[PDB]
Amino acid sequence: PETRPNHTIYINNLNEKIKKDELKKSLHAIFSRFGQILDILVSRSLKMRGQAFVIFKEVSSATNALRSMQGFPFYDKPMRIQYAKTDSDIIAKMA
RNA sequence: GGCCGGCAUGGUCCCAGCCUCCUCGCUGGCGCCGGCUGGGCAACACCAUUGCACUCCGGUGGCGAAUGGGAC
Ligand SMILES: [Mg+2]
Ligand SMILES: [Mg+2]
Ligand SMILES: [Mg+2]
Ligand SMILES: [Mg+2]
Ligand SMILES: [Mg+2]
Ligand SMILES: [Mg+2]
Ligand SMILES: [Mg+2]
Ligand SMILES: [Mg+2]
Ligand SMILES: [Mg+2]
Ligand SMILES: [Mg+2]
Ligand SMILES: [Mg+2]
Ligand SMILES: [Mg+2]
Ligand SMILES: [Mg+2]
Ligand SMILES: [Mg+2]
Ligand SMILES: [Mg+2]
């Protein structure tokens with residue numbers, strides 16, 4: 001359902017027909033305005049398809065991105081967003 | 001994509017057309033029928049999947065495809 005605040009947002013219900021490189025770029029296009037993005041992780045494997053991790057440098061960015069883009073129609077599908085359950089390695093490798 | 005068999009089929013060159021998972025080719029292929037067989041999921045389609053990762057990594061399918069004109 002939902003979890004504790006995090007630098008990283010977990011996005012799913014994404015259109016699975018879209019390729020990894022395009023998907024990453026399109027996600028930057030709509031999410032960059034919430035704050036600096038450290039990385040976007042995408043895989044098309046059987047387990048990880050339809051999903052993305054957007055890693056913000058500051059948690060407040062993640063928070064605003066989550067509230068604002070919940071259900072945003074993206075490649076004809078309503079985007080579902082939550083905080084990631086765990087910190088991404090890029091975040092742990094800092095603080 | 002490869003090989004073989006049967007039948008049909010005069011040769012060389014030119015132009016145009018058509019076909020596609022298999023160099024979309026600046027020279028790849030394209031008579032009819034039938035059997036054997038290779039590679040790969042890179043793209044595409046379909047099936048399955050709503051999945052919390054930081055390790056690339058589900059499956060199946062097609063190629064069971066494609067002809068006119070001219071010069072000598
Ligand atoms: Mg990209
Ligand atoms: Mg990458
Ligand atoms: Mg997967
Ligand atoms: Mg033969
Ligand atoms: Mg005869
Ligand atoms: Mg015959
Ligand atoms: Mg002869
Ligand atoms: Mg003649
Ligand atoms: Mg020609
Ligand atoms: Mg034409
Ligand atoms: Mg064609
Ligand atoms: Mg047979
Ligand atoms: Mg986790
Ligand atoms: Mg085959
Ligand atoms: Mg002729």
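Values below: all heavy atoms of this structure, side chains included; hydrogens, waters and symmetry mates excluded. Protein chains get the first letters and strands the later ones, always in sequence-line order, with residue 1 at the start of each.
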Engineer: Is there a base pair between B/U60 and B/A45, Watson-Crick or G-U wobble, given that both distances have to be under 3.5 Å?
Structural biologist: yes

Engineer: Does the ring of B/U50 sit north or south, if a positive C1'-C2'-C3'-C4' angle means north and a negative one means south?
Structural biologist: south

Engineer: Distance alone, cut at 3.5 Å: any donor-acceptor contact between the side chains of A/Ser26 and A/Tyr75?
Structural biologist: yes

Engineer: Give a yes or no on whether the neighbouring nucleotides B/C7 and B/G6 have stacked bases (ring centres less than 5.5 Å apart, plane angle less than 30°).
Structural biologist: yes

Engineer: What nucleotide, of B/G58, B/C52, B/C54, holds the atom closest to the side chain of A/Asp89?
Structural biologist: B/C54

Engineer: Would you mind telling me which of B/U50, B/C52, B/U49 lies closest to the side-chain atoms of A/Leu46?
Structural biologist: B/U49

Engineer: If stacking means ring centres below 5.5 Å and interplanar angle below 30 degrees, are the neighbouring bases B/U20 and B/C21 stacked?
Structural biologist: no

Engineer: Give one of base, sugar-phosphate or nothing for A/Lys93, where a contact means two heavy atoms less than 4.0 Å apart.
Structural biologist: nothing

Engineer: For A/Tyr10 and A/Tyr83, I'd like to know if the aromatic rings sit close, meaning centre-to-centre distance below 6.0 Å.
Structural biologist: no

Engineer: Tell me if B/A48 and its neighbour B/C47 stack, counting it only when ring centres are under 5.5 Å and the plane angle is under 30°.
Structural biologist: yes

Engineer: For A/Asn13 and A/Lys77, test the side chains for any donor-to-acceptor distance below 3.5 angstrom and give the result as yes or no.
Structural biologist: yes

Engineer: My parser flags sugar pucker from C1'-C2'-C3'-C4'; what should it report for B/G62, north or south?
Structural biologist: south

Engineer: Counting side-chain heavy atoms from C-beta on, which of B/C54, B/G51, B/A48 comes nearest to A/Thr86?
Structural biologist: B/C54

Engineer: Looking across every strand, which nucleic acid part, if any, lies under 4.0 Å from A/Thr8 by heavy atom: base, sugar-phosphate, or nothing?
Structural biologist: nothing

Engineer: Rounded to whole Å, please give me the gap between CD1 in A/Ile18 and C1' in B/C44.
Structural biologist: 14 Å

Engineer: Provide, to the nearest angstrom, the distance between the CG atom belonging to A/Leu41 and the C1' atom belonging to B/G51.
Structural biologist: 16 Å

Engineer: For A/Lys24 and B/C54, what is the distance between atoms NZ and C1' respectively, to the nearest whole Å?
Structural biologist: 12 Å

Engineer: Please pick, from B/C52, B/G51, B/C54, the nucleotide with the shortest atom-to-atom distance to any side-chain atom of A/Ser88.
Structural biologist: B/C54

Engineer: Go through B/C57, B/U50, B/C52 for me and flag the one nearest to the A/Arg80 side chain.
Structural biologist: B/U50

Engineer: Could you walk me through whether A/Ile37 and A/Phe56 pass the side chain to side chain contact (heavy atoms under 4.5 Å, CB included) check?
Structural biologist: CA-CA 5 Å; A/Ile37 293 172; A/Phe56 295 98; 3.8 Å; yes

Engineer: Whether B/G29 and B/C18 form a base pair should be assessed as Watson-Crick or G-U wobble, both distances under 3.5 Å. Do they?
Structural biologist: yes

Engineer: Counting just side-chain N and O atoms, does A/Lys17 come under 4.0 Å of either OP1 or OP2 of B/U49?
Structural biologist: no

Engineer: Does B/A53 have A/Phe53 stacked on its base, where the ring centres are within less than 5.5 Å and the planes differ by under 30°?
Structural biologist: yes

Engineer: Taking N and O atoms by type only, does the side chain of A/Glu16 place a donor or acceptor under 3.5 Å from a partner on the base of B/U49?
Structural biologist: yes

Engineer: Roughly, in whole Å, what's the span from NZ in A/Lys47 to P in B/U50?
Structural biologist: 10 Å

Engineer: Regarding A/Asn15, tell me which of base, sugar-phosphate or nothing describes its non-hydrogen contacts under 4.0 Å with the strands shown.
Structural biologist: nothing

Engineer: Please give the nucleotide sitting opposite B/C54 as a Watson-Crick or G-U wobble pair, both distances under 3.5 Å, or none.
Structural biologist: none

Engineer: Would the base of B/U50 count as contacting A/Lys77 through its side chain, where contact means a donor and an acceptor less than 3.5 Å apart?
Structural biologist: yes

Engineer: Output the single nucleotide from B/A48, B/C44, B/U50 whose closest atom is nearest the side chain of A/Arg49.
Structural biologist: B/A48

Engineer: Whole-Å distance between B/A53 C1' and A/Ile90 CD1?
Structural biologist: 13 Å

Engineer: Please name the nucleotide paired to B/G68 by Watson-Crick or G-U wobble geometry with both distances under 3.5 Å, or report none.
Structural biologist: B/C15

Engineer: Is there stacking between B/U27 and B/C26 - six-membered ring centres closer than 5.5 Å and planes within an angle under 30°?
Structural biologist: no

